[PDB]
Amino acid sequence: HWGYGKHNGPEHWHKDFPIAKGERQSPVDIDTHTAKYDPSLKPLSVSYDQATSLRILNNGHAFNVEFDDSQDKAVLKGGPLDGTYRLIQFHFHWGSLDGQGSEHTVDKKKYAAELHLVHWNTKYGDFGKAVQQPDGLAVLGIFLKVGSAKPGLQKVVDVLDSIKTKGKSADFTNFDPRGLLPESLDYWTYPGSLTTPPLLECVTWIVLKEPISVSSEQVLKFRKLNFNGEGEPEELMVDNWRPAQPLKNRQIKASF
Ligand SMILES: Cc1ccc(-c2cc(C(F)(F)F)nn2-c2ccc(S(N)(=O)=O)cc2)cc1
Ligand SMILES: [Zn+2]
């Protein structure tokens with residue numbers, strides 16, 4: 001029954017998921033003066049023009065836009081990555097207030113939200129196998145700040161009323177995730193983990209330096225979602241972020 005509450009939130013996860021205290025947990029604080037520029041890094045390749053979204057789901061923890069990953073349609077390559085990683089889903093983490101909500105922090109700065117575009121290494125054939133491998137996943141993380149609206153997010157916002165509560169889903173076809181990306185693909189990268197249970201240490205993190213701007217209205221609609229099931233006492237889906245974890249034996253590399 002893990003969650004983000006006082007009795008089941010991040011500080012409790014290690015009891016069911018002891019890897020929570022592991023050597024390469026995420027998220028982390030990105031200390032920008034200590035991150036090392038790596039000329040080894042090759043440019044990141046985000047090829048999302050053939051993405052096929054399927055559905056959107058409230059899973060009690062966040063909302064998730066799921067894609068058809070049965071062919072090489074939307075993929076991430078280059079950067080720190082070897083090979084091809086297929087987009088399977090994206091989701092967000094966000095706050096109760098504009099001053100918190102991201103998982104990663106930048107020089108301890110918290111953003112209003114963070115977008116995770118989740119990809120799996122096609123060398124492992126499926127996502128479930130990939131999560132058992134140290135190089136199984138690549139998650140592209142993109143910060144959200146509140147300011148101007150992001151037009152490409154609006155189709156997501158407008159379907160949230162149909163998936164208010166835990167377990168609700170809806171058709172969500174022809175959504176183009178390119179509309180969620182900032183101009184710059186300058187990034188930080190480090191080896192880490194899933195930021196929710198099971199907290200598996202399978203992720204190459206790629207966190208973009210440039211945030212996207214979303215409007216207050218757009219994020220306010222995120223905060224009207226519910227963690228609870230239909231006909232249960234309302235618990236607003238807010239502050240579904242894990243705090244920064246110890247960096248331990250890792251170096252964050254910068255592409256710029
Ligand atoms: C809609 C949806 C949501 C989650 C999952 C999923 C499953 C699993 C696992 F490991 F159990 F298989 N993790 N995991 C998952 C994926 C990404 C992250 S994150 N926040 O690090 O990007 C954290 C957990 C799949 C689909
Ligand atoms: Zn996430």
# chains A, B, ... in the order shown; residues from 1 in each chain; ligands from 1

call {"tool": "residues_near_ligand", "arguments": {"ligand": "ligand 2", "cutoff": "12 Å", "atoms": "only C-alpha atoms and all ligand atoms", "output": "PyMOL selection string"}}
result
chain A and resi 26-27+61-65+89-94+101-104+113-119+138-143+193-197+199+203+205+207+240-243

call {"tool": "closest_residue", "arguments": {"among": "A:171, A:232, A:126, A:186", "to": "ligand 1", "atoms": "only C-alpha atoms and all ligand atoms"}}
result
A:126

call {"tool": "closest_residue", "arguments": {"among": "A:38, A:69, A:49, A:11", "to": "ligand 1", "atoms": "only C-alpha atoms and all ligand atoms"}}
result
A:69

call {"tool": "closest_residue", "arguments": {"among": "A:234, A:239, A:176, A:29", "to": "residue 3 in chain A", "atoms": "only C-alpha atoms"}}
result
A:239

call {"tool": "residues_around", "arguments": {"residues": "residue 247 in chain A", "least_positions_apart": "3", "cutoff": "10 Å", "atoms": "only C-alpha atoms", "output": "VMD selection string"}}
result
chain A and resid 23 to 30 190 to 192 244 250 to 252

call {"tool": "residues_around", "arguments": {"residues": "residue 144 in chain A", "least_positions_apart": "5", "cutoff": "7 Å", "atoms": "only C-alpha atoms", "output": "PDB file with N, CA, C and O atoms, in the first residue's frame"}}
result
ATOM      1  N   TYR A 111      11.219  22.411  -8.963  1.00  0.00           N
ATOM      2  CA  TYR A 111      10.286  22.957  -9.953  1.00  0.00           C
ATOM      3  C   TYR A 111       8.852  22.552  -9.602  1.00  0.00           C
ATOM      4  O   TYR A 111       8.638  21.716  -8.728  1.00  0.00           O
ATOM      5  N   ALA A 112       7.871  23.138 -10.285  1.00  0.00           N
ATOM      6  CA  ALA A 112       6.467  22.856 -10.008  1.00  0.00           C
ATOM      7  C   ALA A 112       6.068  21.433 -10.365  1.00  0.00           C
ATOM      8  O   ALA A 112       5.118  20.867  -9.820  1.00  0.00           O
ATOM      9  N   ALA A 113       6.794  20.850 -11.307  1.00  0.00           N
ATOM     10  CA  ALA A 113       6.469  19.477 -11.724  1.00  0.00           C
ATOM     11  C   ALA A 113       7.632  18.898 -12.503  1.00  0.00           C
ATOM     12  O   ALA A 113       8.581  19.591 -12.812  1.00  0.00           O
ATOM     13  N   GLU A 114       7.559  17.639 -12.839  1.00  0.00           N
ATOM     14  CA  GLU A 114       8.570  16.982 -13.651  1.00  0.00           C
ATOM     15  C   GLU A 114       7.865  15.942 -14.508  1.00  0.00           C
ATOM     16  O   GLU A 114       7.093  15.146 -14.002  1.00  0.00           O
ATOM     17  N   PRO A 211      13.639  24.001 -18.695  1.00  0.00           N
ATOM     18  CA  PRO A 211      12.276  23.593 -18.334  1.00  0.00           C
ATOM     19  C   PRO A 211      11.290  24.001 -19.426  1.00  0.00           C
ATOM     20  O   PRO A 211      11.602  24.888 -20.224  1.00  0.00           O
ATOM     21  N   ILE A 212      10.115  23.363 -19.421  1.00  0.00           N
ATOM     22  CA  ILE A 212       8.991  23.903 -20.165  1.00  0.00           C
ATOM     23  C   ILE A 212       8.150  24.751 -19.223  1.00  0.00           C
ATOM     24  O   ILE A 212       8.166  24.512 -18.003  1.00  0.00           O
ATOM     25  N   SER A 213       7.439  25.693 -19.822  1.00  0.00           N
ATOM     26  CA  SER A 213       6.518  26.526 -19.053  1.00  0.00           C
ATOM     27  C   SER A 213       5.116  25.981 -19.245  1.00  0.00           C
ATOM     28  O   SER A 213       4.761  25.661 -20.385  1.00  0.00           O
ATOM     29  N   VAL A 214       4.369  25.842 -18.164  1.00  0.00           N
ATOM     30  CA  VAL A 214       2.948  25.535 -18.220  1.00  0.00           C
ATOM     31  C   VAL A 214       2.194  26.603 -17.446  1.00  0.00           C
ATOM     32  O   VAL A 214       2.770  27.306 -16.614  1.00  0.00           O
TER      33      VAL A 214
END

call {"tool": "closest_residue", "arguments": {"among": "A:97, A:200, A:134, A:256", "to": "residue 223 in chain A", "atoms": "only C-alpha atoms"}}
result
A:97

call {"tool": "select_by_dssp", "arguments": {"residues": "range 114-241 of chain A", "states": "alpha helix (DSSP H)", "output": "tab-separated table (two decimals) with C-alpha atoms, in the first residue's frame"}}
result
chain	number	residue	atom	x	y	z
A	127	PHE	CA	9.77	-3.52	-20.53
A	128	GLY	CA	9.37	-6.12	-17.81
A	129	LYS	CA	12.66	-7.73	-18.73
A	130	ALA	CA	14.31	-4.39	-19.18
A	154	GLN	CA	-3.65	21.11	-23.24
A	155	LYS	CA	-5.01	17.90	-24.75
A	156	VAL	CA	-3.73	16.02	-21.68
A	157	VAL	CA	-5.20	18.56	-19.28
A	158	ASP	CA	-8.62	18.39	-20.90
A	159	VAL	CA	-8.97	14.64	-20.53
A	216	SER	CA	-1.15	27.95	-13.43
A	217	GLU	CA	-4.43	26.78	-14.91
A	218	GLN	CA	-2.82	23.74	-16.44
A	219	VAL	CA	-1.07	22.65	-13.25
A	220	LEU	CA	-4.22	23.43	-11.22
A	221	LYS	CA	-6.01	20.81	-13.29
A	222	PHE	CA	-3.33	18.23	-12.35

call {"tool": "select_by_dssp", "arguments": {"residues": "range 6-250 of chain A", "states": "strand (DSSP E)", "output": "PyMOL selection string"}}
result
chain A and resi 29-30+36-37+44-47+53-58+63-67+75-78+85-94+105-106+113-121+137-146+169-171+187-192+203-208+212-214

call {"tool": "closest_residue", "arguments": {"among": "A:70, A:59, A:96, A:53", "to": "residue 236 in chain A", "atoms": "only C-alpha atoms"}}
result
A:96

call {"tool": "closest_residue", "arguments": {"among": "A:202, A:168, A:215, A:248", "to": "residue 57 in chain A", "atoms": "only C-alpha atoms"}}
result
A:168

call {"tool": "residues_around", "arguments": {"residues": "residue 184 in chain A", "least_positions_apart": "2", "cutoff": "9 Å", "atoms": "only C-alpha atoms", "output": "list in words"}}
result
residues 181, 182, 186, 187, 208, 209 and 210 of chain A

call {"tool": "write_last_selection", "arguments": {"atoms": "N, CA and C atoms", "output": "short mmCIF file (atom, residue, chain, number, x, y, z; two decimals), in the first residue's frame"}}
result
data_model
loop_
_atom_site.label_atom_id
_atom_site.label_comp_id
_atom_site.auth_asym_id
_atom_site.auth_seq_id
_atom_site.Cartn_x
_atom_site.Cartn_y
_atom_site.Cartn_z
N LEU A 181 8.29 19.07 -25.40
CA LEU A 181 9.73 19.22 -25.32
C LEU A 181 10.14 20.69 -25.44
N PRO A 182 11.17 21.05 -24.68
CA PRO A 182 11.69 22.41 -24.77
C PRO A 182 12.56 22.57 -26.03
N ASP A 186 20.09 20.01 -24.24
CA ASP A 186 21.16 20.09 -23.27
C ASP A 186 20.66 19.32 -22.03
N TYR A 187 21.52 18.43 -21.52
CA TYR A 187 21.07 17.56 -20.45
C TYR A 187 22.19 17.25 -19.45
N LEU A 208 16.72 17.16 -18.79
CA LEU A 208 16.98 18.34 -19.59
C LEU A 208 17.16 19.58 -18.71
N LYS A 209 18.09 20.43 -19.16
CA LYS A 209 18.40 21.65 -18.44
C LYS A 209 17.30 22.70 -18.58
N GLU A 210 16.71 22.76 -19.77
CA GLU A 210 15.72 23.78 -20.02
C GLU A 210 14.33 23.32 -19.60
#
